[PDB]
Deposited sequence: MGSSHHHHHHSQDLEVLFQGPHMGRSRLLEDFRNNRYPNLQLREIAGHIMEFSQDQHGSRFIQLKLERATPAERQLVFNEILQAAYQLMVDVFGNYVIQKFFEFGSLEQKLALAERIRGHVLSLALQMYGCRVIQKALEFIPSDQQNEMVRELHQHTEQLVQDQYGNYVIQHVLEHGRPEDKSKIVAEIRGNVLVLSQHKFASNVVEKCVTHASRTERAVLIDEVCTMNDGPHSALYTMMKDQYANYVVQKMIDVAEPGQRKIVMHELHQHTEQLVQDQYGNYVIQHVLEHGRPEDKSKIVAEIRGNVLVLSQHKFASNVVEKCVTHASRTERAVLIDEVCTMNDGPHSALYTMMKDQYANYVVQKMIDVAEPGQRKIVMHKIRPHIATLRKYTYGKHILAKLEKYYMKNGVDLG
């Protein structure tokens, strides 16, 4: 059913086609996978008159195109390169349907592009329609992305309304697959008072099987919220959060999701918190390096601990444990990190233990990675 023009374009018959040559076929091209991309790349360098001619053929079906798999990109580009009254015309079609679009797969991207390029007075009239269903949007598969956009670029009063909607549900929404992204953006972009209240909510003692903080640290989605809370919490609330983390470090370094929080503390935390984590895995480097989840924790300890702590962690393996670790799929990366970070006096000891197995390492998958990394310092 395609026109001969669109079929020729898809078959690469017109290498230098222009927007003027597809007049009368803009709707057909916008709904085609390759024709839509043609309008996109051309929409950025055409005169406003040429854009207006393209805009004329899609105005009546603009609301249809906003949810189309391929036509929505043409609507997005008109927000990114169209004139003022064109964006006001597109925004007028969205008025009354902001909720319906924000919940759609491609409509949520049209809503984001709209709030990004339309004047502020139209952003306000559009974001006020979002505040009516904030609780519904933060948990939606696509509505949460619109709420995140307001938390990153909206007005502080708009962010306060979103924070107030999250208040009292911080624990539950942190564990939600999509609301966790919204809760994290609140901790990042709310005021220091608002985010201190949100952090304080999960710092309260509850009667649940685990504390609110410990439950979040081991949760699939809420642990990403804990990491952001650790970054921004004031020293008072920070000591409370880190205290709960230290009480469960042994389980967290091996948990499927808790190990990420431990890694975050090792990368960005205070040296005192890093030292207590190093002290916990100290004595178990061999076992934890072969663990599918705890191996990345041990690797971060070798990378971020102090020189004296690294010396003890590295010497613990040298007294063989290195052979078992080089043959392991997870512990292999721990050995390579130890070679890079060890002081030259201790690196000689590590390379002296790897030396008897050099001829056998090439059989293992990562043995090449070990030999190529040994070549950087061995006998140099």
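Enquirer: Show which contiguous pieces of the deposited sequence have no C-alpha coordinates, counting from residue 1.
Expert: Gaps vs deposited seq, in order: 1-23, 343-348, 410-415.
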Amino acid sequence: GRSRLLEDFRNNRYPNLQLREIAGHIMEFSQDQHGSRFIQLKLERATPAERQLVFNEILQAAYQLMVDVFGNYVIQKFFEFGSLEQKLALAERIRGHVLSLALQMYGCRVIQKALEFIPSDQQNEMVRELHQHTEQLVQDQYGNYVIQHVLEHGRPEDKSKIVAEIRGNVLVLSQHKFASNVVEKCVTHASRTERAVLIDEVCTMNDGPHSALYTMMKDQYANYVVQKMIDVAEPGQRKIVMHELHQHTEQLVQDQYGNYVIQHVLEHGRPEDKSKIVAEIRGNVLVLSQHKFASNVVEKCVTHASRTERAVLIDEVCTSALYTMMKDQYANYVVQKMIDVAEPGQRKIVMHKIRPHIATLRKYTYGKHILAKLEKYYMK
From here on, numbers count along this sequence of modelled residues.
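Enquirer: Of 226-234 and 119-127, which one has the bigger average CA B-factor?
Expert: Stretch with the higher mean C-alpha B-factor: 119-127.
Enquirer: Could you check which stretch, 261-269 or 81-89, carries the larger mean CA temperature factor in the entry?
Expert: Higher of the two, by average CA B-factor, is 81-89.
Enquirer: By the CA temperature factor listed in this entry, which of these ranks top: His246, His133, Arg167, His210?
Expert: Each of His246, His133, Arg167, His210 was compared by C-alpha B-factor; the highest is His133.
Enquirer: Quick check for you: using the entry's CA B-factors within this chain, is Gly35 in the lowest, middle or highest third?
Expert: It falls in the bottom third of the chain.
Enquirer: Divide the modelled residues of the chain into thirds by Cα B-factor and specify which third, lowest, middle or highest, holds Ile162.
Expert: Highest third, going by the recorded CA B-factors of the chain.
Enquirer: Could you look up the Cα B-factor of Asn296 in the entry and say which third of the chain it sits in: lowest, middle or highest?
Expert: Tercile = lowest for this residue's CA B-factor.
Enquirer: How does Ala49 rank on Cα B-factor within its chain, lowest, middle or highest third?
Expert: For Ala49, the deposited C-alpha B-factor lands in the highest third.
Enquirer: Test of reading the entry: by CA B factor among the chain's modelled residues, which third contains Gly154?
Expert: Tercile = lowest for this residue's CA B-factor.
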